[PDB]
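In what follows, a single structure is set out as structure tokens and then discussed.
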Amino acid sequence: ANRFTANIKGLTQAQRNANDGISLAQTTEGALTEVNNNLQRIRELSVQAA
Amino acid sequence: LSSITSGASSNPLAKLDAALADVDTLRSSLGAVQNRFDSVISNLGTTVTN
Numbered sequence: 051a052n053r054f055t056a057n058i059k060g061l062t063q064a065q066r067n068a069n070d071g072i073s074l075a076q077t078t079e080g081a082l083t084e085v086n087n088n089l090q091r092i093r094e095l096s097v098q099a100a
Numbered sequence: 299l300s301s302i303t304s305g306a307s308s309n310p311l312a313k314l315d316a317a318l319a320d321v322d323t324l325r326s327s328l329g330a331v332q333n334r335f336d337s338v339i340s341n342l343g344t345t346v347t348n
């Protein structure tokens, strides 16, 4: 019973670490969107100058 | 030479075009500022939700 308890307690916090990871991954995407939106416009402006 | 006979401000037409160009450059720079300065808001709003 003691060794069941140990692993239950460990797993519960291991469950939170994954949520940390999901949050980090989610935050980076919002940053990358605007980079994409700026490159889209640079290319089109360069089309006008030719 | 036509000015001296009348004494009124030689070469006006080319003198005034530079003024028009000077104001145009300022307007263009201001608009360029506005666009970036708008994109910032869109990025900032998303990061807060995340």
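Residue numbers (PDB author numbering), protein chains in the order written: chain B, 51 to 100; chain C, 299 to 348. Ideal Cβ placement from N, Cα and C applies to all residues, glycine included.
Chain-ordered, the chain C residues with CB closer than 8 angstroms to the CB of residue 84 (chain B) read 337, 340, 341. In the pairwise beta carbon analysis, the segment 333-348 of chain C is classified as touching the segment 76-95 of chain B: at least three pairs are separated by under 8 angstroms. A Cβ of chain B is located within less than 9 angstroms of the beta carbon of residue 344 (chain C). Neighbours of residue 71 (chain B) in chain C, taken as residues at a C-beta separation under 8 angstroms, are lacking, since the least C-beta distance is about 14 angstroms. In the three-state reduction of the DSSP assignment, residue 299 (chain C) falls in the coil class.
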